[PDB]
Amino acid sequence: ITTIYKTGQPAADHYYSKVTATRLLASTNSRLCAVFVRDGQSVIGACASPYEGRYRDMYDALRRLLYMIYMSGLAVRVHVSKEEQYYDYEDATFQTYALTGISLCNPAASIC
Amino acid sequence: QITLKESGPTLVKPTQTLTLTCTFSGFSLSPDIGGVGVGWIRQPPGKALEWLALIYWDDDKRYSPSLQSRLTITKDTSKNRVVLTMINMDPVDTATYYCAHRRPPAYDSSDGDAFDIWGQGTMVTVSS
Amino acid sequence: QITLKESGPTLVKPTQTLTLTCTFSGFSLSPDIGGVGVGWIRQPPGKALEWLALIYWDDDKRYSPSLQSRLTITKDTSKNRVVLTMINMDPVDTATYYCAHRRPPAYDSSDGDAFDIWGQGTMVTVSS
Amino acid sequence: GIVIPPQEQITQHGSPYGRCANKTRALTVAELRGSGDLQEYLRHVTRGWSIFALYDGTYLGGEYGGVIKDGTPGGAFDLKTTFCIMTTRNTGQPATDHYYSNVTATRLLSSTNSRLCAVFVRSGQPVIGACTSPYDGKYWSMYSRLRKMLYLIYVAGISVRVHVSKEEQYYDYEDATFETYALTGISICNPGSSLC
Amino acid sequence: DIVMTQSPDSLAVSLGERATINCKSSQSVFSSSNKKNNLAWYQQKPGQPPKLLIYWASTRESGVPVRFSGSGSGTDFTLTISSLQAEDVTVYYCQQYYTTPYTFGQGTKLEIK
Amino acid sequence: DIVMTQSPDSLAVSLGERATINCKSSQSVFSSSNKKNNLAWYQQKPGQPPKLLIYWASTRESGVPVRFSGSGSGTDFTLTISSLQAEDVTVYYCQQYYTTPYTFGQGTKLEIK
Amino acid sequence: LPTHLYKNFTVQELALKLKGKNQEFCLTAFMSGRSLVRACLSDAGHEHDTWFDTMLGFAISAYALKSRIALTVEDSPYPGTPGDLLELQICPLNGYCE
Amino acid sequence: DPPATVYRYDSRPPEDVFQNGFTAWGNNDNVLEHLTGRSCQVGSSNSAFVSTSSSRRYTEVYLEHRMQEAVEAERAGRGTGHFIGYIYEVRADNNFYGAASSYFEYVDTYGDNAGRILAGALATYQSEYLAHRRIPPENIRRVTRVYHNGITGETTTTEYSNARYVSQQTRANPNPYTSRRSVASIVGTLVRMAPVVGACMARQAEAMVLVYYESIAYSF
Amino acid sequence: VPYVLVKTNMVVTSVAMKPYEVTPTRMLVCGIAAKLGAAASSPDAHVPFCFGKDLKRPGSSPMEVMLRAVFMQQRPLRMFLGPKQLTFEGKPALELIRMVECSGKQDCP
Amino acid sequence: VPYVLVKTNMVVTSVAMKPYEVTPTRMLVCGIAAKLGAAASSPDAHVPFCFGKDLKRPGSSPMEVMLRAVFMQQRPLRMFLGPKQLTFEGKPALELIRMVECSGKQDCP
């Protein structure tokens, strides 16, 4: 099946805070994905590919931050655009979308 | 610093349609900025506070079950103005009409948060 | 194995010019490699050691203060040879002439390491 | 004791609001103070009752005499015009490579559309400065490699030997006791090693 | 359609006596995702619009003096003014924001004795 | 310039007690960027070019017998063999390399009584 | 083509240089008693390619981790010249290669 | 909510820990040096805090990682391939403090530049707890012994009960430990790789290679 | 109008990335920096800053490398933030144009 | 039959990189992975894998970032290998086309 789908949601800025990036997923001509988890339960999935997608040109910047917050389990607020739906993870209790931003959360800055 | 505006009439006749506009001053109702919505709350003199309608940043309008198909809510996004119009006014619809800005949630984007900052009120008197 | 042999003419008649060449073996004087330098040092048969000129990798040529007027040191990196010419050849000469390798300094390149590897020397003779 | 920018390192037109142009930076009080050529030029270009902006103070030219008055970093950038120096000089020297050993990287620098810089020190005191840009200079194709070394030699605190090229001298740092040149390489130096 | 209910519509108060204003609900207001139960408390001085005092059951709003505290869970909540002054004798509303027909309470009018 | 003033004309030693060759420099051979004294000691075997022994007033170069060792600071430097062997009796030279009118020493020959 | 496979080595010296117009970065590998092994890479038509930078970053990663390394080197016919390293491998962390 | 049990790793046999327990290496009460690894280095091991963890899964993953270390050593022929490890369940009395809480208190009181971000990330990732100066054997309640046989590849796990345990109602300290400002020059948070584990807990478990975390936190 | 403000003795406490609204060709690398010794209520202790990253030129600009390193080591640094303000997490944030590490009390009063 | 090979509870132990002789602008990133706790007799205690990389476009492929991330963290994987084979250390190695991190006990027994 196609792990890429155009459901057709409008351009909007969504987010999920206090999450930690684990359970990555890579394919060859596909996305850099990561399951974001809060308090032991998965919240949302995000992906980033420099071959296909609208947000392609930022992959080179996102890959170097996600890796960081994967090497150390820092708490982050991730941002997501729901233009596109991703079915990369199998038997997922959550839906995967496109990664369009990561903020290393600061409670004083009202992020987490 | 977020501050709304009222800018409306005070003598709307029955069966007509009123207009109340908020011109906010420090939050963006833009699709590319998340969480922020605008809500409407009235207060009949003496009675409690009921919630009329809420416009979301990604243009998902959420209406009050009872007076749903009598209310319209729109925004001008770039022009920082949100207008509320309700048809078929009735002199039991006397109220102080505030609009408040709903803070973006601190744990999600599709979540609930309180109306931390409110505007002020018109004094729609739906007389005759 | 660093080596520099001083090739040149032994006999010189007074008021003439003496051309001597060092042909290196184990280093280059190219401006790519810093620190390196070749000097010219002579010792009369029975007196102290003397210093004549210093040619660097950046074609920086320093001379003895009391001989700068009559000294011209040049370096053919492509031919790998340091050539010293001396005009107005007086009898106070007739020393032995050795080249040397001004070793790259340990930390910086604006410093000086001593001449580790010398040349055997060559006999000049000023006489009528 | 401060590496002073030359006369030709000065902007023909000043900068508004204190925002010096890209590849340029605001001149400090001390650099202008100890340079007669810069003062003569600024006298020759300044007329009337006008005060101009510097990095750490104000320049009162015209009828004021041309005095330089100290200030607080960024304090007087509100003025209409700011004096800025282009942060590179083309010395003209050939492709020679110089080295400074046992040094460690400190005091990083960064700018928009300009070069990343670092101060290499030994025994604490500053030994040299060096820079690299992906935009301008002979060593632009140098940047995508060098920075990696730099980052490591900055985060792991390792003493290296720095190669600089003097074809380009940079005035990025303010009141620098140290000369700054185009970085050319980094070497993890074993004492008396060949690769150094 | 969560009907929300506020205890005494009229609460006698002495200047310093710990006010106890409790508020019930038809359903829960506790969200599994954020592990907070979505309740807020609003002040209302004569004429002035509502000002938030407490949200997230107990998480006080920035700029709210430290007297107003919240407690409770599931379907029963309490706002407690540990110290009362001349201005905190006003109309207080408990609002839910779990699901989005948004509901308030009738209101509690703190009078003096 | 820096002028050496190598002190003894020539000191007569036996193949017992170790030798002592003293050296001077006019102002200073000290660097402040390397914190290293600038002196080189040279062994002049007659008929062959001089050989290098000591850097930085202390550092014996390489392959040189551990017999030779030097020390000094400021104005006075000294080279000292550890046990006088046969080849030891030669001429000995200084060299400051701090400025670049490189000036050597007058030299000292080593005798045997 | 005489090429050597050196395993269970760690790198101590790593140098970034400028060989004429092109680049070179040379590394030194050290075993308990074996001889030091020096090797490096150059840009021979790889001006537009990213092989040099990728291999440089990998050598950096190996150095920072202080891991054992399996390096293949082609050696210069003339002694004194460091050879050219073709393939690099990071051995298991806190471990030794097979 | 301070915890009622912490979990420690070691290689010291149960017949040794049941009698002697765990003792601190040194006498330095600085939290920052302990979390970075300066006080748990080779030649400067002076930490006064005995390292435990409030999450058993972290000790379990450490044990399995060491098990693969032993197997990989077998593959190279440089080891024996068997493994023996002990997880001690230590009741958290009022001598155990939280790593993350103490680190955050330190940073709050002494400035943000006084400590790295990766020290706190490691502290939170480890669930590490610091016991002061020793762990009495009367504080240890149970040991789990895990044995891996290289030839068969079958793991045996057993549970042994301490005979000197005294049951008491004890809780770990809600307050954190206040340490003086670190004077040693910290370069970066020393960790041991495979997986990221602090210098103290890896070294107090037992040459070992310690890598600065920042130096490999960001990709090259 | 906001102009160049030079903020001294500041440590990066949060790092973020987001797309630029006007064009997909650029993107904002933003962050939150806090003074040393300032009160929690002071606005200098929660400054948001941003600068652009051009996506047409692959790599990591001189600002990105230094920002990552200084965030990792938590070092004080003087920043030229301004003059433009760009949106970030719902608030304006001053554009970053130059930033140099701190050396002592002589350059970072 | 050559089909995508699913490998469970695998931890990568060695990572290496070499030039692809087929194409001057290709490259091979290969490695050795092992089953957590498996005995030396098990064929899954040491498996080699490879995957290509394009040398023209700058940047690291999504696969390479994870080959680096789950290397230094040694945390279990489920790799979809094959169906083709590349070369590494002389021996044929299964081509790697997909890697997922193990969620827990349910998917990685």
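Each position is counted from 1, following the chain as shown.
So how was this one determined? The header says electron microscopy, 2.9 Å.
Using the three backbone atoms N, Cα and C, a Cβ is placed for every residue, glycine included.
Residues annotated as disulfide bond in Swiss-Prot: I:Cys30-I:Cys50 (among others). Taking a C-beta cut-off of under 8 Å and a sequence gap of six or more, I:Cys30 (disulfide bond) has these contacts in its own chain: I:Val15, I:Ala16, I:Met17, I:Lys18, I:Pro48, I:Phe49, I:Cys50, I:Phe51, I:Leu86, I:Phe88, I:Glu89, I:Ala93.
I:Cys108 (disulfide bond) falls outside any helix or strand according to DSSP and counts as coil. The disulfide bond feature in Swiss-Prot is assigned to I:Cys102-I:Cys108 (among others).
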For a quick check of packing: other C-beta atoms within 10 Å of the C-beta of I:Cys50 (disulfide bond), how many?
25
For I:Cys108 (disulfide bond), the number of other Cβ atoms found within 10 Å of its own Cβ:
18
Across all the protein chains here, work out how many other Cβ atoms are within 10 Å of the Cβ of I:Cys102 (disulfide bond).
20
